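As provided, my_file-v5.cif (mmCIF, C-alpha atoms) reads as follows.
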data_target
loop_
_atom_site.label_atom_id
_atom_site.label_comp_id
_atom_site.auth_asym_id
_atom_site.auth_seq_id
_atom_site.Cartn_x
_atom_site.Cartn_y
_atom_site.Cartn_z
CA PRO Z 320 -35.66 -5.14 9.55
CA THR Z 321 -37.60 -8.10 10.99
CA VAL Z 322 -40.99 -6.65 10.12
CA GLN Z 323 -39.88 -5.85 6.50
CA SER Z 324 -39.16 -9.63 6.01
CA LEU Z 325 -42.39 -10.59 7.69
CA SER Z 326 -44.41 -8.30 5.39
CA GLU Z 327 -43.39 -10.35 2.32
CA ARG Z 328 -44.72 -13.71 3.60
CA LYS Z 329 -48.41 -13.07 3.95
CA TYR Z 330 -50.42 -15.95 5.39
CA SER Z 331 -54.19 -16.42 4.64
CA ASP Z 332 -55.95 -14.32 7.32
CA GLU Z 333 -57.14 -10.77 6.61
CA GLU Z 334 -56.59 -9.40 10.06
CA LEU Z 335 -52.94 -10.78 10.12
CA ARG Z 336 -52.02 -8.90 6.98
CA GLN Z 337 -53.58 -5.77 8.43
CA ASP Z 338 -51.64 -5.99 11.65
CA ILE Z 339 -48.31 -6.61 9.89
CA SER Z 340 -48.72 -3.61 7.60
CA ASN Z 341 -49.74 -1.21 10.38
CA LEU Z 342 -46.69 -2.28 12.48
CA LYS Z 343 -44.33 -1.79 9.40
CA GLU Z 344 -45.46 1.82 9.06
CA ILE Z 345 -45.22 2.86 12.78
CA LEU Z 346 -41.66 1.45 13.40
CA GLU Z 347 -40.15 2.84 10.19
CA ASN Z 348 -41.87 6.23 10.40
CA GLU Z 349 -41.03 7.11 14.04
CA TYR Z 350 -37.23 6.81 13.86
CA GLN Z 351 -36.68 8.35 10.38
CA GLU Z 352 -38.85 11.36 10.79
CA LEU Z 353 -36.48 12.88 13.47
CA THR Z 354 -34.22 15.66 12.12
CA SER Z 355 -31.10 14.21 10.70
CA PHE Z 356 -28.54 16.57 12.38
CA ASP Z 357 -30.18 16.07 15.70
CA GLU Z 358 -29.95 12.25 15.87
CA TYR Z 359 -26.19 12.28 14.81
CA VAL Z 360 -25.19 14.88 17.36
CA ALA Z 361 -27.24 13.30 20.14
CA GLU Z 362 -25.21 10.06 19.53
CA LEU Z 363 -21.98 12.03 19.07
CA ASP Z 364 -22.51 13.77 22.52
CA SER Z 365 -23.12 10.56 24.47
CA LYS Z 366 -20.21 8.85 22.54
CA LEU Z 367 -22.79 6.03 22.25
CA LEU Z 368 -23.06 5.72 18.42
CA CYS Z 369 -25.18 2.86 17.03
CA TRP Z 370 -26.28 1.91 13.61
CA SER Z 371 -29.68 3.05 12.74
CA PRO Z 372 -31.60 3.17 9.44
CA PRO Z 373 -30.45 6.65 8.48
CA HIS Z 374 -26.72 6.12 9.26
CA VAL Z 375 -26.45 3.40 6.57
CA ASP Z 376 -28.38 5.63 4.20
CA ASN Z 377 -26.52 8.04 1.86
CA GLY Z 378 -29.29 10.71 1.75
CA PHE Z 379 -28.87 11.59 5.52
CA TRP Z 380 -25.22 12.39 5.01
CA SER Z 381 -25.81 14.71 1.97
CA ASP Z 382 -28.15 17.06 3.86
CA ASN Z 383 -25.92 16.97 6.92
CA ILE Z 384 -22.53 17.97 5.28
CA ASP Z 385 -23.50 21.58 5.32
CA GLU Z 386 -24.59 21.48 9.04
CA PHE Z 387 -21.12 20.43 10.09
CA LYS Z 388 -19.27 23.52 8.62
CA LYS Z 389 -18.44 25.93 11.34
CA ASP Z 390 -14.67 25.94 11.12
CA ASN Z 391 -14.01 23.51 8.28
CA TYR Z 392 -16.41 20.80 9.23
CA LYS Z 393 -15.92 21.09 12.98
CA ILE Z 394 -18.53 18.49 13.79
CA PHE Z 395 -17.05 16.12 11.24
CA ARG Z 396 -13.64 16.65 12.94
CA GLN Z 397 -15.39 15.89 16.31
CA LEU Z 398 -16.36 12.39 15.06
CA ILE Z 399 -12.72 11.92 13.76
CA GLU Z 400 -11.27 12.94 17.24
CA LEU Z 401 -13.81 10.69 18.94
CA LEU Z 402 -12.87 7.57 16.81
CA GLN Z 403 -9.12 8.21 17.31
CA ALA Z 404 -9.50 8.41 20.99
CA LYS Z 405 -11.51 5.15 21.36
CA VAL Z 406 -8.85 3.08 19.67
CA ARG Z 407 -5.92 4.52 21.77
CA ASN Z 408 -7.64 5.19 25.17
CA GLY Z 409 -9.71 2.41 26.66
CA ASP Z 410 -7.73 0.21 24.28
CA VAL Z 411 -9.06 -1.57 21.06
CA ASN Z 412 -10.33 -5.14 20.94
CA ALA Z 413 -12.71 -4.92 23.94
CA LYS Z 414 -16.39 -5.14 23.30
CA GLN Z 415 -17.68 -1.58 24.28
CA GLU Z 416 -15.17 0.30 22.22
CA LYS Z 417 -15.68 -2.17 19.33
CA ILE Z 418 -19.42 -1.16 18.83
CA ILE Z 419 -18.62 2.63 18.59
CA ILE Z 420 -15.72 2.20 16.10
CA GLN Z 421 -17.53 0.13 13.41
CA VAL Z 422 -20.46 2.57 13.35
CA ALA Z 423 -18.15 5.64 13.32
CA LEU Z 424 -16.06 4.37 10.38
CA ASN Z 425 -19.29 3.61 8.48
CA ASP Z 426 -20.47 7.27 9.13
CA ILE Z 427 -17.18 8.85 8.06
CA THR Z 428 -17.03 6.80 4.77
CA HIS Z 429 -20.34 8.11 3.60
CA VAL Z 430 -19.40 11.88 4.08
CA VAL Z 431 -16.01 11.40 2.32
CA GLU Z 432 -17.51 9.68 -0.74
CA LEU Z 433 -20.01 12.55 -1.01
CA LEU Z 434 -17.58 15.43 -0.16
CA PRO Z 435 -13.97 15.78 -1.50
CA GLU Z 436 -13.15 18.63 0.96
CA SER Z 437 -13.30 16.51 4.16
CA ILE Z 438 -9.95 14.87 3.16
CA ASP Z 439 -8.15 17.87 4.61
CA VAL Z 440 -9.86 17.45 7.99
CA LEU Z 441 -8.64 13.78 8.29
CA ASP Z 442 -5.08 14.85 7.58
CA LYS Z 443 -4.99 17.78 10.16
CA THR Z 444 -6.64 15.75 12.96
CA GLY Z 445 -4.52 12.67 12.40
CA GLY Z 446 -7.60 10.51 11.55
CA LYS Z 447 -5.79 9.32 8.37
CA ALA Z 448 -3.39 7.43 10.55
CA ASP Z 449 -6.02 5.91 12.77
CA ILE Z 450 -7.80 4.25 9.83
CA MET Z 451 -4.68 2.32 8.85
CA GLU Z 452 -4.59 0.89 12.42
CA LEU Z 453 -8.14 -0.59 12.47
CA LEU Z 454 -7.18 -2.75 9.42
CA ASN Z 455 -4.94 -5.07 11.50
CA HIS Z 456 -7.32 -5.23 14.41
CA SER Z 457 -9.55 -8.27 15.20
CA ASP Z 458 -13.31 -8.27 14.63
CA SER Z 459 -14.38 -8.77 11.02
CA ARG Z 460 -17.08 -5.93 11.10
CA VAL Z 461 -14.65 -3.35 12.40
CA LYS Z 462 -12.13 -4.41 9.64
CA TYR Z 463 -14.75 -4.23 6.87
CA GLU Z 464 -15.77 -0.65 7.85
CA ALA Z 465 -12.05 0.36 8.22
CA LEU Z 466 -11.25 -0.92 4.71
CA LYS Z 467 -14.18 1.01 3.28
CA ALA Z 468 -12.81 4.18 5.04
CA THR Z 469 -9.38 3.70 3.60
CA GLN Z 470 -10.70 3.24 0.12
CA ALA Z 471 -12.87 6.44 0.37
CA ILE Z 472 -9.87 8.69 1.03
CA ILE Z 473 -7.78 6.72 -1.49
CA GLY Z 474 -10.21 7.30 -4.53
CA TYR Z 475 -9.87 10.96 -4.18
CA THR Z 476 -6.02 11.25 -3.67
CA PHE Z 477 -5.18 9.95 -7.09
CA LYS Z 478 -7.49 10.85 -10.05
CA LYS S 298 -1.60 23.25 -25.70
CA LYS S 299 -2.42 21.54 -29.02
CA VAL S 300 -0.06 18.58 -28.58
CA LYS S 301 -1.90 18.01 -25.30
CA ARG S 302 -5.21 17.89 -27.21
CA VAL S 303 -3.68 15.04 -29.24
CA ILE S 304 -2.38 13.21 -26.18
CA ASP S 305 -5.49 13.62 -24.02
CA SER S 306 -7.82 12.71 -26.90
CA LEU S 307 -6.52 9.16 -27.37
CA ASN S 308 -6.16 8.62 -23.58
CA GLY S 309 -2.54 9.54 -22.90
CA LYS S 310 -1.70 10.69 -19.38
CA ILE S 311 1.04 13.33 -19.36
CA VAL S 312 3.31 13.39 -16.30
CA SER S 313 4.71 16.87 -15.75
CA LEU S 314 7.25 17.00 -12.93
CA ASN S 315 8.91 20.48 -12.94
CA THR S 316 10.63 19.94 -9.56
CA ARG S 317 12.92 16.86 -9.56
CA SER S 318 13.10 13.24 -10.67
CA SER S 319 14.07 12.19 -7.13
CA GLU S 320 11.58 14.10 -4.93
CA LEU S 321 8.36 12.95 -6.61
CA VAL S 322 9.57 9.34 -6.58
CA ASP S 323 9.65 9.36 -2.77
CA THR S 324 6.18 10.93 -2.47
CA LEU S 325 4.90 8.39 -5.03
CA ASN S 326 6.48 5.34 -3.39
CA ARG S 327 4.92 6.63 -0.16
CA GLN S 328 1.58 6.08 -1.94
CA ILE S 329 2.31 2.81 -3.83
CA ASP S 330 2.95 0.83 -0.63
CA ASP S 331 0.27 2.76 1.31
CA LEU S 332 -2.29 1.66 -1.29
CA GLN S 333 -0.83 -1.85 -1.70
CA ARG S 334 -1.52 -2.35 2.01
CA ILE S 335 -5.16 -1.38 1.39
CA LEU S 336 -5.14 -4.02 -1.38
CA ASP S 337 -3.73 -6.57 1.08
CA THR S 338 -6.44 -5.64 3.61
CA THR S 339 -9.46 -5.70 1.29
CA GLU S 340 -8.35 -8.81 -0.62
CA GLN S 341 -7.80 -10.62 2.69
CA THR S 342 -11.35 -9.59 3.64
CA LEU S 343 -12.49 -10.86 0.22
CA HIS S 344 -10.87 -14.27 0.70
CA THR S 345 -12.31 -14.38 4.22
CA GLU S 346 -15.80 -13.75 2.81
CA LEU S 347 -15.42 -16.33 0.01
#

If you convert what's in this file into structure tokens, what do you get?
Amino acid sequence: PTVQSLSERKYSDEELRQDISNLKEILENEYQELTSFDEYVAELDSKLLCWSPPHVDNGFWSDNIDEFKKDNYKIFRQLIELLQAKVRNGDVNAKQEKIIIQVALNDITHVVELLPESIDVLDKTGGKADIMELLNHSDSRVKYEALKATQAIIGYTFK
Amino acid sequence: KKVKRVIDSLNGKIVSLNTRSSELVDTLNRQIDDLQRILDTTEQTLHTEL
């Protein structure tokens, strides 16, 4: 993100402009060009989810919906289990657990907006309940993401 | 099915129940408050941001 701002403010010096542009390309290209399913699962496995440029991007989620389906979006259900667990075990409101949650809620929101069939998965798992709990919880960023998750389920229940 | 093409043309929303007038009210009040709490969360976040 820092480079993208820098690129805008060009200063008079040919070589400077050249360096800034080259650096913008390399950074951006290297991360995105990984397969989408791969990055998500690698993060899922470690339980060490982080925001990255393709996890705040809608396109990533659209291609990946199909990859999850193996027994009614088993991988999607994996992320829901994973999120539920973090809140309840290892408590909520301590720093480590707080990074994973905000990212996970962001990730879920995107798939639900895109797919109407994932609503079932949240109900079976019990994820539906867990969202409601994050709302009350401290940390502004976790609460924002939680609110966006609630709304995503909500739009679809009533038409 | 032709009365419904009059109602749905000028934006009327028919409410067919066919079960009970006391069993859908519970499942609908279990959504009114559940969505009013999402209002009270997101509007609190709005007034925090403002």

Requested in this report: Report as a ChimeraX atom specification the set of chain Z residues whose atoms approach chain S to within 10 Å, with distances computed over all atoms listed in the file.
Outcome: /Z:451,454-455,459,462-463,465-467,469-470,473,476-477

Query raised in the report: By how many Å are CA of residue 440 in chain Z and CA of residue 392 in chain Z apart?
Result: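 We find that CA of residue 440 in chain Z and CA of residue 392 in chain Z lie 7.5 Å from each other.
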
Report task. Could you jot down the CA of residue 408 in chain Z to CA of residue 359 in chain Z separation for me, Å, one decimal place? Result -> 22.4 Å

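One finds CA of residue 389 in chain Z at 16.2 Å from CA of residue 438 in chain Z.
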
Requested in this report: Tell me which of Z:464, Z:458, Z:442, Z:426 sits closest to residue 377 in chain Z, counting only C-alpha atoms.
Outcome: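 Closest to residue 377 in chain Z, using only C-alpha atoms: Z:426.
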
Given 4 Å on each side, where is the centre and what are the edge lengths in Å to one decimal of the axis-aligned box enclosing the listed atoms of range 360-377 of chain Z, as JSON?
{"center_x": -25.9, "center_y": 8.4, "center_z": 13.2, "size_x": 19.4, "size_y": 21.0, "size_z": 30.6}

Query raised in the report: Once the PyMOL selection byres ((chain Z and resi 417-425) around 7) has been applied to the shown file, what residues remain in the selection, as a ChimeraX atom specification?
Result: /Z:367-370,402,411-416,426-429,460-461,464-465,468

**Report entry** Among listed residues Z:433, Z:407, Z:347, Z:372, nearest residue 384 in chain Z (using all atoms listed in the file)
**Finding:**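 Going through Z:433, Z:407, Z:347, Z:372 one by one, the smallest distance to residue 384 in chain Z is for Z:433.
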
Requested in this report: Can you work out which one of Z:435, Z:474, Z:406, Z:364 has the shortest atom-to-atom distance to residue 452 in chain Z, counting only C-alpha atoms?
Outcome: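 Counting only C-alpha atoms, the residue closest to residue 452 in chain Z is Z:406.
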
Requested in this report: Fewer than 3 positions away in the same chain doesn't count, so skip those; otherwise give me all residues within 10 Å of residue 475 in chain Z, counting only C-alpha atoms, as number ranges by chain.
Outcome: Z: 431-432, 434-436, 438, 470-472, 478
